[PDB]
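Trainee: Structure file query.cif (mmCIF, C-alpha atoms) right here:
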data_data
loop_
_atom_site.label_atom_id
_atom_site.label_comp_id
_atom_site.auth_asym_id
_atom_site.auth_seq_id
_atom_site.Cartn_x
_atom_site.Cartn_y
_atom_site.Cartn_z
CA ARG A 1 1.95 -11.53 1.04
CA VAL A 2 4.41 -10.03 3.51
CA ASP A 3 5.72 -13.12 5.32
CA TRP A 4 8.01 -13.09 8.37
CA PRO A 5 9.85 -16.41 8.59
CA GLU A 6 12.11 -16.93 11.58
CA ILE A 7 15.85 -16.42 11.04
CA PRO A 8 18.58 -16.27 13.71
CA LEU A 9 20.24 -13.05 14.83
CA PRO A 10 24.03 -12.94 14.41
CA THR A 11 26.13 -13.64 17.50
CA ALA A 12 27.42 -10.07 17.68
CA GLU A 13 28.01 -7.91 20.74
CA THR A 14 27.84 -4.44 19.15
CA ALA A 15 27.71 -2.56 15.86
CA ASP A 16 28.78 0.83 14.54
CA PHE A 17 25.30 2.33 14.23
CA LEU A 18 23.27 5.37 15.27
CA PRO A 19 20.26 4.11 17.26
CA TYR A 20 16.89 5.84 16.92
CA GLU A 21 13.30 4.87 17.75
CA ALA A 22 10.83 6.10 15.14
CA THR A 23 7.75 7.99 16.34
CA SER A 24 5.82 9.45 13.38
CA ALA A 25 5.98 9.41 9.59
CA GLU A 26 7.10 13.05 9.47
CA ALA A 27 9.48 12.61 12.42
CA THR A 28 11.43 9.84 10.69
CA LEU A 29 11.83 11.96 7.55
CA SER A 30 13.13 14.89 9.59
CA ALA A 31 15.54 12.68 11.56
CA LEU A 32 16.64 10.78 8.44
CA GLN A 33 17.51 13.96 6.53
CA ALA A 34 19.60 15.04 9.52
CA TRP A 35 21.51 11.73 9.45
CA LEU A 36 21.77 11.76 5.64
CA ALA A 37 23.50 15.15 5.96
CA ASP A 38 26.33 13.55 7.95
CA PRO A 39 29.35 12.62 5.78
CA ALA A 40 30.21 10.00 8.42
CA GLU A 41 28.87 6.60 7.34
CA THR A 42 27.18 4.90 10.28
CA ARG A 43 24.08 2.87 9.45
CA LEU A 44 20.95 4.55 10.78
CA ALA A 45 19.26 1.95 12.99
CA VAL A 46 15.65 3.11 12.90
CA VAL A 47 13.56 1.30 15.53
CA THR A 48 9.85 1.16 14.73
CA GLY A 49 6.74 -0.08 16.48
CA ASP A 50 4.44 -2.94 15.53
CA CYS A 51 4.24 -2.68 11.73
CA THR A 52 0.57 -3.72 11.81
CA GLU A 53 -0.09 -0.24 13.21
CA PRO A 54 -0.74 2.37 10.48
CA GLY A 55 1.92 4.68 11.91
CA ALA A 56 4.65 2.05 12.09
CA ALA A 57 3.89 0.80 8.57
CA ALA A 58 3.96 4.37 7.24
CA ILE A 59 7.36 4.85 8.87
CA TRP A 60 8.31 1.40 7.56
CA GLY A 61 7.18 2.34 4.06
CA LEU A 62 8.97 5.68 4.36
CA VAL A 63 12.22 3.96 5.34
CA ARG A 64 11.63 1.11 2.86
CA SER A 65 11.83 3.54 -0.05
CA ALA A 66 14.64 5.35 1.78
CA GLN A 67 16.55 2.07 2.09
CA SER A 68 15.95 1.55 -1.62
CA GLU A 69 17.49 5.00 -2.12
CA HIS A 70 20.39 4.31 0.28
CA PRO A 71 20.90 0.54 0.67
CA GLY A 72 23.16 -0.75 3.40
CA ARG A 73 22.80 2.53 5.30
CA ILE A 74 19.38 2.55 7.04
CA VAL A 75 18.26 -0.22 9.41
CA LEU A 76 14.46 -0.49 9.61
CA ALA A 77 14.25 -2.52 12.80
CA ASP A 78 10.93 -3.45 14.44
CA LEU A 79 12.15 -4.19 17.96
CA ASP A 80 10.48 -4.10 21.36
CA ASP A 81 14.01 -4.15 22.83
CA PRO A 82 16.92 -1.90 21.71
CA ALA A 83 19.42 -4.46 23.06
CA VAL A 84 19.00 -6.61 19.93
CA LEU A 85 19.53 -3.54 17.73
CA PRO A 86 23.32 -4.08 17.47
CA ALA A 87 22.53 -7.68 16.56
CA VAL A 88 19.86 -6.47 14.11
CA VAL A 89 22.33 -4.16 12.37
CA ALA A 90 24.95 -6.93 12.30
CA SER A 91 22.47 -9.21 10.48
CA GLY A 92 22.88 -7.09 7.34
CA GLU A 93 19.15 -7.04 6.62
CA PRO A 94 17.84 -3.45 6.32
CA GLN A 95 14.55 -4.58 7.91
CA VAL A 96 14.62 -6.97 10.88
CA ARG A 97 11.75 -7.58 13.31
CA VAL A 98 12.84 -9.13 16.61
CA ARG A 99 10.25 -10.34 19.11
CA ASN A 100 10.83 -12.46 22.25
CA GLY A 101 14.49 -13.02 21.36
CA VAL A 102 14.06 -14.32 17.79
CA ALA A 103 14.37 -12.41 14.52
CA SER A 104 12.21 -12.20 11.41
CA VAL A 105 12.35 -10.33 8.11
CA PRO A 106 9.65 -9.43 5.54
CA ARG A 107 9.34 -12.08 2.83
CA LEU A 108 7.02 -12.38 -0.17
CA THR A 109 5.08 -15.64 -0.46
CA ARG A 110 2.38 -16.65 -2.91
CA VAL A 111 -1.16 -16.29 -1.58
CA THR A 112 -3.76 -19.05 -1.75
CA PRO A 113 -7.13 -17.33 -2.38
CA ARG A 114 -10.15 -18.22 -0.26
CA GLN A 115 -13.65 -18.06 -1.74
CA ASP A 116 -15.37 -17.25 1.57
CA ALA A 117 -15.80 -13.48 1.32
CA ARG A 118 -19.40 -12.43 1.79
CA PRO A 119 -21.19 -12.23 -1.58
CA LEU A 120 -21.64 -8.79 -3.08
CA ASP A 121 -25.28 -7.75 -2.97
CA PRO A 122 -26.75 -7.63 -6.51
CA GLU A 123 -29.00 -4.82 -5.25
CA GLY A 124 -26.25 -3.13 -3.22
CA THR A 125 -24.07 -0.09 -3.82
CA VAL A 126 -20.29 0.08 -4.30
CA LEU A 127 -18.30 3.15 -3.25
CA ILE A 128 -15.22 4.09 -5.29
CA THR A 129 -12.82 6.88 -4.35
CA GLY A 130 -11.26 8.76 -7.24
CA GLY A 131 -13.78 7.32 -9.68
CA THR A 132 -12.82 9.76 -12.42
CA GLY A 133 -9.37 8.18 -12.26
CA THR A 134 -8.82 5.39 -14.77
CA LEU A 135 -8.15 2.84 -12.02
CA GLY A 136 -11.48 3.83 -10.52
CA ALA A 137 -12.89 3.88 -14.05
CA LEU A 138 -11.39 0.43 -14.70
CA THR A 139 -13.09 -0.88 -11.56
CA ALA A 140 -16.45 0.49 -12.71
CA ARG A 141 -16.40 -1.50 -15.96
CA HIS A 142 -15.51 -4.76 -14.22
CA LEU A 143 -17.97 -4.23 -11.35
CA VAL A 144 -20.98 -3.63 -13.60
CA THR A 145 -20.04 -6.35 -16.10
CA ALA A 146 -18.58 -9.14 -13.96
CA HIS A 147 -19.81 -8.42 -10.42
CA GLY A 148 -23.09 -7.05 -11.79
CA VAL A 149 -23.05 -3.80 -9.81
CA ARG A 150 -26.29 -1.90 -10.45
CA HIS A 151 -25.58 0.95 -8.00
CA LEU A 152 -22.32 2.90 -7.84
CA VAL A 153 -21.14 6.04 -6.07
CA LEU A 154 -17.93 7.13 -7.83
CA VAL A 155 -16.40 9.78 -5.56
CA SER A 156 -13.56 12.00 -6.76
CA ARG A 157 -12.40 15.55 -6.10
CA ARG A 158 -13.88 16.81 -9.37
CA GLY A 159 -16.54 14.10 -9.12
CA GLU A 160 -18.01 14.28 -12.62
CA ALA A 161 -17.27 11.70 -15.34
CA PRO A 162 -20.14 12.01 -17.83
CA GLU A 163 -18.44 9.70 -20.33
CA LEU A 164 -18.29 7.07 -17.60
CA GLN A 165 -21.74 8.17 -16.42
CA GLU A 166 -23.39 7.35 -19.75
CA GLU A 167 -21.36 4.16 -20.24
CA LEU A 168 -22.18 2.84 -16.77
CA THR A 169 -25.85 3.84 -16.94
CA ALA A 170 -26.16 2.24 -20.39
CA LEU A 171 -25.55 -1.14 -18.70
CA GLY A 172 -28.23 -0.54 -16.06
CA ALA A 173 -26.05 0.60 -13.15
CA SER A 174 -27.45 3.39 -10.96
CA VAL A 175 -24.11 5.19 -10.71
CA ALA A 176 -24.31 8.27 -8.48
CA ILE A 177 -21.21 10.33 -9.31
CA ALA A 178 -20.92 13.36 -7.02
CA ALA A 179 -18.15 15.89 -6.45
CA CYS A 180 -16.49 14.99 -3.15
CA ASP A 181 -13.14 14.42 -1.45
CA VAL A 182 -13.27 11.25 0.65
CA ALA A 183 -10.81 12.55 3.25
CA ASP A 184 -12.93 15.68 3.72
CA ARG A 185 -15.13 15.23 6.78
CA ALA A 186 -18.04 17.24 5.40
CA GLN A 187 -17.83 15.99 1.80
CA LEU A 188 -17.66 12.25 2.51
CA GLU A 189 -20.49 12.25 5.07
CA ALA A 190 -22.95 14.06 2.79
CA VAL A 191 -22.23 11.79 -0.19
CA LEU A 192 -22.39 8.75 2.09
CA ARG A 193 -25.92 9.95 2.85
CA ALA A 194 -26.56 10.15 -0.91
CA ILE A 195 -26.29 6.35 -1.08
CA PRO A 196 -29.87 5.02 -1.34
CA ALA A 197 -31.34 2.98 1.49
CA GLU A 198 -33.02 0.51 -0.88
CA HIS A 199 -29.57 0.20 -2.51
CA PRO A 200 -27.36 0.07 0.60
CA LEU A 201 -23.62 0.53 0.39
CA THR A 202 -21.91 -2.84 0.03
CA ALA A 203 -18.30 -2.16 -1.04
CA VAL A 204 -15.76 0.60 -0.49
CA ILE A 205 -13.00 0.81 -3.11
CA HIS A 206 -10.27 3.36 -2.47
CA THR A 207 -8.37 4.65 -5.51
CA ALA A 208 -8.22 8.42 -4.94
CA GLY A 209 -4.92 10.12 -4.23
CA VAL A 210 -2.08 12.29 -5.49
CA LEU A 211 1.45 11.33 -6.52
CA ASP A 212 4.41 13.45 -5.37
CA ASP A 213 7.29 11.01 -5.82
CA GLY A 214 10.62 12.34 -4.61
CA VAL A 215 13.77 11.36 -2.76
CA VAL A 216 14.09 11.64 1.02
CA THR A 217 16.49 14.59 0.91
CA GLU A 218 13.98 16.50 -1.27
CA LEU A 219 10.66 15.35 0.21
CA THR A 220 8.84 17.48 2.77
CA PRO A 221 6.16 16.68 5.37
CA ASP A 222 3.58 18.59 3.32
CA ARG A 223 4.14 16.13 0.47
CA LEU A 224 3.66 13.37 3.04
CA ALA A 225 0.26 14.71 4.12
CA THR A 226 -0.72 15.79 0.60
CA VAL A 227 -0.25 12.22 -0.62
CA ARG A 228 -1.51 10.64 2.61
CA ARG A 229 -4.74 12.63 3.01
CA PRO A 230 -6.65 11.29 -0.05
CA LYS A 231 -5.19 7.85 0.75
CA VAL A 232 -4.65 7.52 4.51
CA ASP A 233 -7.05 10.12 5.90
CA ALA A 234 -9.55 9.16 3.20
CA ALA A 235 -9.46 5.44 4.02
CA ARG A 236 -9.55 6.14 7.77
CA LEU A 237 -12.67 8.23 7.20
CA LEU A 238 -14.10 5.42 5.06
CA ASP A 239 -13.69 2.91 7.89
CA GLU A 240 -14.94 5.47 10.42
CA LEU A 241 -18.18 6.41 8.65
CA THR A 242 -18.86 3.04 6.97
CA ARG A 243 -18.05 0.60 9.78
CA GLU A 244 -21.80 0.69 10.45
CA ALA A 245 -22.50 0.44 6.71
CA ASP A 246 -23.44 -2.88 5.11
CA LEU A 247 -20.00 -3.31 3.56
CA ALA A 248 -19.38 -6.69 1.95
CA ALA A 249 -15.81 -5.67 1.04
CA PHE A 250 -13.34 -2.89 1.85
CA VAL A 251 -10.94 -2.30 -1.06
CA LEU A 252 -7.86 -0.09 -0.71
CA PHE A 253 -5.51 0.48 -3.65
CA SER A 254 -1.94 0.37 -2.35
CA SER A 255 1.30 0.30 -4.34
CA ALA A 256 4.27 -2.06 -4.48
CA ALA A 257 6.41 0.82 -3.20
CA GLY A 258 4.51 0.81 0.09
CA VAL A 259 5.60 -2.80 0.68
CA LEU A 260 8.90 -3.29 -1.17
CA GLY A 261 10.17 0.28 -1.07
CA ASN A 262 10.93 2.14 -4.30
CA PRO A 263 13.60 4.86 -4.63
CA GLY A 264 12.34 8.42 -4.66
CA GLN A 265 8.95 7.39 -3.25
CA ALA A 266 9.37 7.66 0.52
CA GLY A 267 6.15 9.61 0.99
CA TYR A 268 4.11 7.46 -1.39
CA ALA A 269 5.36 4.27 0.24
CA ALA A 270 4.51 5.76 3.64
CA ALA A 271 0.93 6.40 2.54
CA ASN A 272 0.55 2.97 0.92
CA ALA A 273 1.91 1.04 3.92
CA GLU A 274 -0.23 3.06 6.33
CA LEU A 275 -3.10 2.28 3.96
CA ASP A 276 -2.38 -1.44 4.31
CA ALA A 277 -1.96 -1.43 8.09
CA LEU A 278 -5.33 0.30 8.48
CA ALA A 279 -6.92 -2.60 6.60
CA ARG A 280 -5.05 -5.09 8.79
CA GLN A 281 -6.67 -3.43 11.80
CA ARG A 282 -10.00 -3.71 9.98
CA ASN A 283 -9.30 -7.33 9.00
CA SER A 284 -8.27 -8.24 12.55
CA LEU A 285 -11.50 -6.68 13.87
CA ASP A 286 -13.40 -9.27 11.73
CA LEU A 287 -14.71 -6.67 9.25
CA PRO A 288 -13.88 -7.73 5.67
CA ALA A 289 -11.14 -5.54 4.22
CA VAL A 290 -8.57 -5.85 1.43
CA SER A 291 -5.58 -3.60 0.75
CA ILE A 292 -3.75 -4.39 -2.49
CA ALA A 293 -0.17 -3.20 -3.05
CA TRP A 294 -0.67 -2.86 -6.79
CA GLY A 295 2.28 -3.08 -9.16
CA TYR A 296 3.18 -1.14 -12.28
CA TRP A 297 -0.06 -0.85 -14.25
CA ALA A 298 0.35 -1.31 -18.00
CA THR A 299 -2.57 1.00 -18.77
CA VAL A 300 -2.02 4.75 -18.44
CA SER A 301 -4.18 6.05 -15.59
CA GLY A 302 -4.78 9.28 -13.72
CA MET A 303 -2.55 8.02 -10.91
CA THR A 304 0.41 6.21 -12.52
CA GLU A 305 0.64 8.58 -15.51
CA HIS A 306 4.08 9.98 -14.63
CA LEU A 307 6.00 6.66 -14.72
CA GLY A 308 8.27 7.01 -17.75
CA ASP A 309 10.55 4.64 -19.62
CA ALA A 310 13.27 5.22 -17.03
CA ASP A 311 10.74 4.12 -14.41
CA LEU A 312 9.76 1.29 -16.78
CA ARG A 313 13.23 -0.25 -16.56
CA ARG A 314 13.48 0.76 -12.90
CA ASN A 315 10.27 -1.18 -12.31
CA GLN A 316 11.25 -3.99 -14.68
CA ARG A 317 14.58 -4.25 -12.83
CA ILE A 318 12.87 -5.60 -9.69
CA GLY A 319 10.76 -7.90 -11.86
CA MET A 320 7.82 -5.56 -12.45
CA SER A 321 5.91 -5.73 -15.71
CA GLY A 322 3.03 -3.74 -17.13
CA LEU A 323 0.01 -4.93 -15.18
CA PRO A 324 -2.86 -5.50 -17.63
CA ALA A 325 -6.36 -4.30 -16.82
CA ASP A 326 -7.76 -7.84 -16.97
CA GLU A 327 -4.93 -9.37 -14.94
CA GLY A 328 -5.05 -6.50 -12.45
CA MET A 329 -8.81 -6.67 -12.06
CA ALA A 330 -8.88 -10.47 -11.91
CA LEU A 331 -6.37 -10.19 -9.07
CA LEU A 332 -8.79 -7.80 -7.34
CA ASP A 333 -11.57 -10.41 -7.37
CA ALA A 334 -9.35 -12.94 -5.60
CA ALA A 335 -7.99 -10.19 -3.33
CA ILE A 336 -11.54 -9.27 -2.29
CA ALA A 337 -12.28 -12.97 -1.82
CA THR A 338 -8.99 -13.58 0.01
CA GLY A 339 -9.17 -10.42 2.12
CA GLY A 340 -6.43 -8.96 4.25
CA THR A 341 -3.38 -7.11 2.98
CA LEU A 342 -1.96 -8.67 -0.19
CA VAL A 343 0.33 -7.68 -3.06
CA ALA A 344 -1.11 -8.27 -6.54
CA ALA A 345 1.64 -7.74 -9.10
CA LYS A 346 3.61 -9.57 -11.78
CA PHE A 347 7.19 -10.49 -10.87
CA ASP A 348 10.03 -11.86 -12.99
CA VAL A 349 10.97 -14.91 -10.93
CA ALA A 350 13.56 -16.11 -13.46
CA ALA A 351 15.22 -12.69 -13.68
CA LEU A 352 15.36 -12.44 -9.89
CA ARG A 353 16.51 -16.07 -9.70
CA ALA A 354 19.18 -15.44 -12.34
CA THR A 355 20.27 -12.23 -10.61
CA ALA A 356 20.42 -13.98 -7.23
CA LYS A 357 22.44 -16.85 -8.70
CA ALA A 358 24.73 -14.43 -10.55
CA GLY A 359 25.23 -12.41 -7.36
CA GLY A 360 23.09 -9.29 -7.80
CA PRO A 361 21.43 -7.65 -4.79
CA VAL A 362 17.99 -9.25 -4.42
CA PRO A 363 15.64 -7.36 -2.07
CA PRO A 364 14.90 -9.26 1.16
CA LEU A 365 11.17 -9.26 0.41
CA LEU A 366 11.95 -10.76 -3.00
CA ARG A 367 14.54 -13.06 -1.40
CA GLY A 368 11.69 -15.38 -0.39
CA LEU A 369 10.70 -15.90 -4.02
CA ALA A 370 14.31 -16.21 -5.29
CA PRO A 371 16.54 -17.34 -2.40
CA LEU A 372 20.07 -18.71 -2.50
#
Represent the supplied structure as structure tokens.
Mentor:
Amino acid sequence: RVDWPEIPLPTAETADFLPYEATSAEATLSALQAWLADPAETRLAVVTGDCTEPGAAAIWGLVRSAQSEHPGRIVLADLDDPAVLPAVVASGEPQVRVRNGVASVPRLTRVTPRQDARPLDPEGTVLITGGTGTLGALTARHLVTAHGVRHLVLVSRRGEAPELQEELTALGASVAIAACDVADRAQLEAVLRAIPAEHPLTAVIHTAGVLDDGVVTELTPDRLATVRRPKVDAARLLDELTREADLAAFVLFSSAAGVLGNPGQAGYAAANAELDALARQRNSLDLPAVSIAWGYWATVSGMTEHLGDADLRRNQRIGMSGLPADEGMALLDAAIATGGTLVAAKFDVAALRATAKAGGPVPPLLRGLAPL
């Protein structure tokens, strides 16, 4: 979980920085590319709003990956007061949140699951976005077998998986796979009407999306919206049209990039963090919701297919390991039970601990797990 323990700001009067208050996910990318074009090296102090907002998190995720691309050069400050910005830059942390005079930074802490989520209805219906994707396909096998789901609506752009259709129906699950894009206003509403009344919708699981990983200097706002729409606009439409639905759980598949920040994934991290912050709004409003910043999946899926061996070591550098289907899906059950925004991934504590002790640069979020 993203934890924000209290740490003191440095006793500094000024810093050599370029202040800027972030406004939108596309605006930060445009401003950042302008600053990245400057040969002069002044750390870009990006001021962002309350990260619990979807927009601020998306900007946070966008800068998080950007700071992974250019460490020690972009300051992702969440300040209600630009006066602490010189102090924030002088702290050395790329991401500092200062409220009422005290500072805080994102930290990763282990989550204690709670078994108080409302039980899934054995006669209910579960909605999955991008069902034809393997991650959506993986969820279908576990839901019917473990959770005993007898009614599914697997929604994907192509929306036809006969090989999953026969497999899921062979176990007794009334799986209604229809061609639909969740973010589409007309498509989602009609399919949401296709959910039977005697089998009311009980769970929304978001796994649809596109991957357009690229560095900040090469990303474009269209790639932001192209990735965001089946993830951000899709989940927003899910909460909009299913807030009145009988949802026992609200599952959103985020990525570790959206929380930690992974190089060359500014847009994807923006979508994932905005995906999380939407759930936090849902969770705060007492509706059950879970957004999971999933790690590097071991199994090859329709989403994470393009992660090669170079990305394998890039992932394994920060402690990532191939997330198994069982381990990943077992984490989902606790994540649904726990609720809120959580990160379910496998980390190499010893490698991070050894790297921290040896002197390597440990990410601040990982610094909670392996401090000095």
Trainee: Take atom CA of residue 225 of chain A and atom CA of residue 265 of chain A and report the distance between them in Å, one decimal.
Mentor: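 Between atom CA of residue 225 of chain A and atom CA of residue 265 of chain A the gap is 13.5 Å.
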Trainee: One number please: atom CA of residue 93 of chain A to atom CA of residue 105 of chain A, in Å, one decimal.
Mentor: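 It comes out at 7.7 Å.
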Trainee: Using all atoms listed in the file, which residues of segment 136-255 of chain A come within 12 Å of segment 106-117 of chain A, and what is the closest atom pair for each, with the distance in Å to one decimal? Give it as a Markdown table, sorted by chain and residue number.
Mentor:
| residue | atom | partner | partner_atom | distance |
| --- | --- | --- | --- | --- |
| A:203 | CA | A:117 | CA | 11.8 |
| A:247 | CA | A:117 | CA | 11.2 |
| A:248 | CA | A:117 | CA | 7.7 |
| A:249 | CA | A:117 | CA | 7.8 |
| A:250 | CA | A:117 | CA | 10.9 |
Trainee: Residues within 9 Å of segment 237-244 of chain A, please, as a PDB file with C-alpha atoms, keeping the file's coordinate frame. Count all atoms listed in the file; anything in the same chain fewer than 2 positions from it doesn't count.
Mentor:
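Wrote around06.pdb, looks like this:
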ATOM      1  CA  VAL A 182     -13.270  11.250   0.650  1.00  0.00           C
ATOM      2  CA  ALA A 183     -10.810  12.550   3.250  1.00  0.00           C
ATOM      3  CA  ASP A 184     -12.930  15.680   3.720  1.00  0.00           C
ATOM      4  CA  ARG A 185     -15.130  15.230   6.780  1.00  0.00           C
ATOM      5  CA  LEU A 188     -17.660  12.250   2.510  1.00  0.00           C
ATOM      6  CA  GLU A 189     -20.490  12.250   5.070  1.00  0.00           C
ATOM      7  CA  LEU A 192     -22.390   8.750   2.090  1.00  0.00           C
ATOM      8  CA  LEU A 201     -23.620   0.530   0.390  1.00  0.00           C
ATOM      9  CA  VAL A 204     -15.760   0.600  -0.490  1.00  0.00           C
ATOM     10  CA  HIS A 206     -10.270   3.360  -2.470  1.00  0.00           C
ATOM     11  CA  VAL A 232      -4.650   7.520   4.510  1.00  0.00           C
ATOM     12  CA  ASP A 233      -7.050  10.120   5.900  1.00  0.00           C
ATOM     13  CA  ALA A 234      -9.550   9.160   3.200  1.00  0.00           C
ATOM     14  CA  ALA A 235      -9.460   5.440   4.020  1.00  0.00           C
ATOM     15  CA  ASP A 246     -23.440  -2.880   5.110  1.00  0.00           C
ATOM     16  CA  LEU A 247     -20.000  -3.310   3.560  1.00  0.00           C
ATOM     17  CA  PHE A 250     -13.340  -2.890   1.850  1.00  0.00           C
ATOM     18  CA  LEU A 278      -5.330   0.300   8.480  1.00  0.00           C
ATOM     19  CA  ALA A 279      -6.920  -2.600   6.600  1.00  0.00           C
ATOM     20  CA  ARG A 282     -10.000  -3.710   9.980  1.00  0.00           C
ATOM     21  CA  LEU A 287     -14.710  -6.670   9.250  1.00  0.00           C
TER      22      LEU A 287
END
Trainee: Counting all atoms listed in the file, which residue out of A:198, A:13, A:6, A:121 sits closest to residue 96 of chain A?
Mentor: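 Smallest distance to residue 96 of chain A is found for A:6.
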Trainee: Which polymer residues have any atom within 9 Å of an atom of segment 163-175 of chain A, counting only C-alpha atoms, with same-chain residues fewer than 5 positions away left out, as a PyMOL selection string?
Mentor: chain A and resi 125+132+137+140-141+144-145+148-154
Trainee: Once the PyMOL selection byres ((chain A and resi 66) around 10) has been applied to the shown file, what residues remain in the selection, as a PyMOL selection string?
Mentor: chain A and resi 29+32+60-65+67-71+73-74+76+215-217+261-267+269
Trainee: Mind filling out segment 326-339 of chain A with N, CA, C and O atoms and sending it as a CSV table (one decimal), keeping the file's coordinate frame?
Mentor:
chain,number,residue,atom,x,y,z
A,326,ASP,N,-7.1,-6.6,-17.3
A,326,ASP,CA,-7.8,-7.8,-17.0
A,326,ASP,C,-7.0,-8.6,-15.9
A,326,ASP,O,-7.6,-9.0,-14.9
A,327,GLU,N,-5.7,-8.7,-16.0
A,327,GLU,CA,-4.9,-9.4,-14.9
A,327,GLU,C,-5.0,-8.6,-13.6
A,327,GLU,O,-5.2,-9.2,-12.5
A,328,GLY,N,-4.9,-7.3,-13.7
A,328,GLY,CA,-5.0,-6.5,-12.4
A,328,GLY,C,-6.4,-6.6,-11.8
A,328,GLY,O,-6.5,-6.7,-10.6
A,329,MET,N,-7.5,-6.6,-12.6
A,329,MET,CA,-8.8,-6.7,-12.1
A,329,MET,C,-9.2,-8.1,-11.7
A,329,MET,O,-10.0,-8.3,-10.8
A,330,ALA,N,-8.7,-9.1,-12.4
A,330,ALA,CA,-8.9,-10.5,-11.9
A,330,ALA,C,-8.2,-10.7,-10.6
A,330,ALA,O,-8.7,-11.5,-9.7
A,331,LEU,N,-7.0,-10.1,-10.4
A,331,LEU,CA,-6.4,-10.2,-9.1
A,331,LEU,C,-7.2,-9.5,-8.0
A,331,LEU,O,-7.2,-10.0,-6.8
A,332,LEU,N,-7.9,-8.5,-8.3
A,332,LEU,CA,-8.8,-7.8,-7.3
A,332,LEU,C,-9.9,-8.7,-6.8
A,332,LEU,O,-10.2,-8.8,-5.6
A,333,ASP,N,-10.5,-9.5,-7.8
A,333,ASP,CA,-11.6,-10.4,-7.4
A,333,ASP,C,-11.1,-11.4,-6.4
A,333,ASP,O,-11.8,-11.7,-5.4
A,334,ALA,N,-9.9,-12.0,-6.6
A,334,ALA,CA,-9.4,-12.9,-5.6
A,334,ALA,C,-8.9,-12.2,-4.3
A,334,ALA,O,-9.1,-12.7,-3.2
A,335,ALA,N,-8.4,-11.0,-4.5
A,335,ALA,CA,-8.0,-10.2,-3.3
A,335,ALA,C,-9.2,-9.9,-2.4
A,335,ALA,O,-9.1,-9.9,-1.2
A,336,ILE,N,-10.3,-9.5,-3.1
A,336,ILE,CA,-11.5,-9.3,-2.3
A,336,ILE,C,-12.0,-10.6,-1.6
A,336,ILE,O,-12.3,-10.6,-0.4
A,337,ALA,N,-11.9,-11.7,-2.4
A,337,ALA,CA,-12.3,-13.0,-1.8
A,337,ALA,C,-11.3,-13.4,-0.7
A,337,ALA,O,-11.7,-13.9,0.3
A,338,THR,N,-10.0,-13.2,-1.0
A,338,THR,CA,-9.0,-13.6,0.0
A,338,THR,C,-9.0,-12.7,1.2
A,338,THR,O,-8.9,-13.1,2.4
A,339,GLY,N,-9.2,-11.4,1.0
A,339,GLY,CA,-9.2,-10.4,2.1
A,339,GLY,C,-7.8,-10.2,2.6
A,339,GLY,O,-6.8,-10.7,2.2
